[PDB]
Each structure stands twice: as C-alpha cells, then as structure tokens.
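J.: Attaching a single structure in structure tokens format; questions to follow.
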Amino acid sequence: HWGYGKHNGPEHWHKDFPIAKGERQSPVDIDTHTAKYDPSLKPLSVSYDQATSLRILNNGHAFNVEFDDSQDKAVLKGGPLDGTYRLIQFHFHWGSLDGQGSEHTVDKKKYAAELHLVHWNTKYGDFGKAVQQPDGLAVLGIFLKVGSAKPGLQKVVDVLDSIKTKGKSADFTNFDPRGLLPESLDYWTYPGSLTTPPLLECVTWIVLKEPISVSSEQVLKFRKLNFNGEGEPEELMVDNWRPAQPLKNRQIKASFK
Ligand SMILES: COC(=O)CNc1nc(Cl)nc(Nc2ccc(S(N)(=O)=O)cc2)n1
Ligand SMILES: [Zn+2]
C-alpha cells in the first residue's frame, strides 16, 4: 500500500515500517564541507565487463534493469567494502521537474534524478539473506543532471514504452552498465538503508561526486511511465524519491580531497 502519494508517501511509511525512524536511514544530505577525507579508503573497483542483463521490470515504484547474479559476472569491490558484491539490478529515482528527483542531496542541492546500482555481499549467498545483514548490500549512487544526452542510457529510454505500467516486463539483454558511469569514481560513503520499504539498514552507500548528464528528452521519457497497472487510472511515475533523513550518529567519508 506504500507509495509516493499524499496519503501513502514517505511521511506515512513509519506506520508499517517503524525502522523508517531508525538510526541509519537513507538517503541523507551530503554536507561537503563536513565530510572527512579518509586517505585509507581504497579506490573503487567496478568490474562490469562480463555483466549479463536479462530483463527490465516496471514494479510500480520505479523500473529495474535486472542482471544474472548467479555468478561473479559484474561485481563491485574495494573502496570501503570488504569482500565482493554482485550486481543484481539498477534503477532510478526522478522528479516531475528538473529541479528535484534525487534522493541524496549535496549541500541541500537536489539533482534531476539518481541512479542506484544495487549489489549484494556474496558471503551471504543471496539477496534475501544479504538484506538482513548490516553489511549486506552496497549501492552505488550516481546523480543525473539535465544537459547533454547520455548515449549509454538511450537503450533504456527506448524500451520504456513497452513497460509503461506496473507489472510489465520486457527482455533486456546485452545492456552494458559501464555506459552509465561518469569519468571519475571519486565518492562519498556512509552506512545507511534501503530508501524504500522495507527500509532495512543493510546498505553501504557509495555516492559518486561527479554527476552524469542526460538530455531533457531522456528524462521526459522517464516521466511518461505509470505507477498504475494497465487499465487503471493513469498516475504518472514521477517524484518517486524519499527526502533526506537525519544523519544522526554517522560521519560521511570522502575518498578525495
Ligand atoms: C517485492 O519484494 C521485493 O521486491 C523484494 N526483492 C527486492 N529485489 C530487489 Cl532487486 N530490490 C529490492 N528492494 C530494494 C533495492 C534497492 C533499494 S535502494 N533505492 O535503496 O537502492 C530499495 C529497495 N527488493
Ligand atoms: Zn533506489
């Protein structure tokens, strides 16, 4: 029953998911002047050359591009992470207007959208077990701003017509997520949570400093998706972001000076 509307949105989630008011909730505002450089943080290792995308799904909250995570084919390692984390899916959060849409903010600045590449720690065997652990997931967050087109995003944009409504999926093979990355892998990192129910506190967040640029046409196509199912009254899938939550007893660390 949860969603992003007036009557079921982020301010309501705590009633079904009390952890919404927990000690390590996400997203957060990244105060760039207060984040501390940690010279011991290793470079990120993003190894996506053998990635196998399978399917794209409108789940009624966003759309997920899903990967074969039954082998170490696309993995994230290094940075703040111990061990190997396997890519299971990516998705986005976006706004109704270019001035909002991201979940994380940077010195209170909101971006037009935010990409989340979701990975789970292989020491826990599968995603369902991983989300029950404090170090179960690593989500790589990348901001989107509107300007020039991102060529590597276009194959995603062009399949969206086929998954307009909740519960629709389409084959989506041979998609290379490397085409969604910015040049720099400089990042901030902190311990947090899933930003949708069940809001589990299982995520090491790694948020890249450098945004990617996407075109106005590309983000306009995100905004044509529907939260509703086929045959139901049309509700545009926009503003599917949770606002910044209290940092509480956490320090955001930076990989860069
Ligand atoms: C209906 O139940 C489910 O879908 C549970 N299975 C499942 N599978 C994936 Cl790939 N992600 C998720 N949840 C999920 C993953 C990532 C995030 S986010 N926005 O913190 O990156 C928020 C929610 N659940
Ligand atoms: Zn997300």
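We're sticking with Swiss-Prot numbering for chain A, so the shown stretch reads 4-260, in order.
For all residues, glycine too, the Cβ spot is worked out from N, Cα and C.
Reproduced below are the annotations present in Swiss-Prot:
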- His64: active site, proton donor/acceptor (ACT_SITE)
- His94, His96, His119: Zn(2+) binding site (BINDING)
- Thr198, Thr199: substrate binding site (BINDING)
- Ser165: phosphoserine (MOD_RES)
- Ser172: phosphoserine (MOD_RES)
- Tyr7: site 'Fine-tunes the proton-transfer properties of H-64' (SITE)
- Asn62: site 'Fine-tunes the proton-transfer properties of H-64' (SITE)
- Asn67: site 'Fine-tunes the proton-transfer properties of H-64' (SITE)
J.: Starting from the Cβ of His94 (Zn(2+) binding site), draw a 10 Å sphere and report how many other Cβ atoms land inside it.
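T.: Step by step: centre on the Cβ of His94 (Zn(2+) binding site), count other Cβ atoms within 10 Å, giving 20.
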J.: List only the single closest residue to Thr199 (substrate binding site), chosen from the recorded positions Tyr7, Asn67, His94, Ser172 by CA-CA distance.
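T.: The smallest Cα gap between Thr199 (substrate binding site) and any of the recorded positions is with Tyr7.
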J.: Please report the Cα separation of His96 (Zn(2+) binding site) and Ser165 (phosphoserine) in Å, rounded to an integer.
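T.: Pair distance, Cα basis, whole Å: 19 Å.
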J.: Based on Cα distances to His64 (active site, proton donor/acceptor), point out the closest of the recorded positions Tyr7, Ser172, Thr198.
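T.: Given the candidates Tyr7, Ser172, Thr198, the nearest one is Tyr7.
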J.: Out of the recorded positions I have (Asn62, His64, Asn67, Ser165), which ones have their Cβ sitting under 6 Å from ligand 2?
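T.: Close enough to ligand 2 is none of the recorded positions.
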J.: Would you mind sorting out which of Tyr7, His119, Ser172, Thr198 (the recorded positions) have a C-alpha within 10 A of the one on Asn62 (site 'Fine-tunes the proton-transfer properties of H-64')?
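T.: Checking Cα-Cα distances against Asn62 (site 'Fine-tunes the proton-transfer properties of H-64'), the recorded positions within 10 Å turn out to be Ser172.
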J.: Near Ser165 (phosphoserine), which recorded positions out of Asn67, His94, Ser172 have their CA within 10 Å?
T.: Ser172
J.: Work through the recorded positions one by one (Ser172, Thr198) and point out the residue whose CB has the fewest other CB atoms within 10 angstroms.
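T.: It is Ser172 that, of the recorded positions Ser172, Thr198, has the fewest other Cβ atoms within 10 Å.
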J.: Let me make sure I understand the structure: which of the recorded positions listed (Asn67, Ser165, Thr199) has the fewest other Cβ atoms within 10 A of its Cβ?
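T.: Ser165, out of the recorded positions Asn67, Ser165, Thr199, has the fewest neighbouring Cβ atoms within 10 Å.
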J.: Give me the long-range Cβ neighbours of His119 (Zn(2+) binding site): same chain, 6+ apart, Cβ under 8 Å, in sequence order.
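T.: Long-range Cβ contacts: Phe93, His94, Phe95, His96, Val142, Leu143, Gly144.
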J.: Starting from the Cβ of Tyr7 (site 'Fine-tunes the proton-transfer properties of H-64'), draw a 10 Å sphere and report how many other Cβ atoms land inside it.
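T.: Total other Cβ atoms inside 10 Å, all chains included: 18.
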J.: Taking ligand 1 as the reference, state which of the recorded positions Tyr7, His64, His94, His96, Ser165, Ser172 have a Cβ closer than 6 Å to one of its atoms.
T.: none
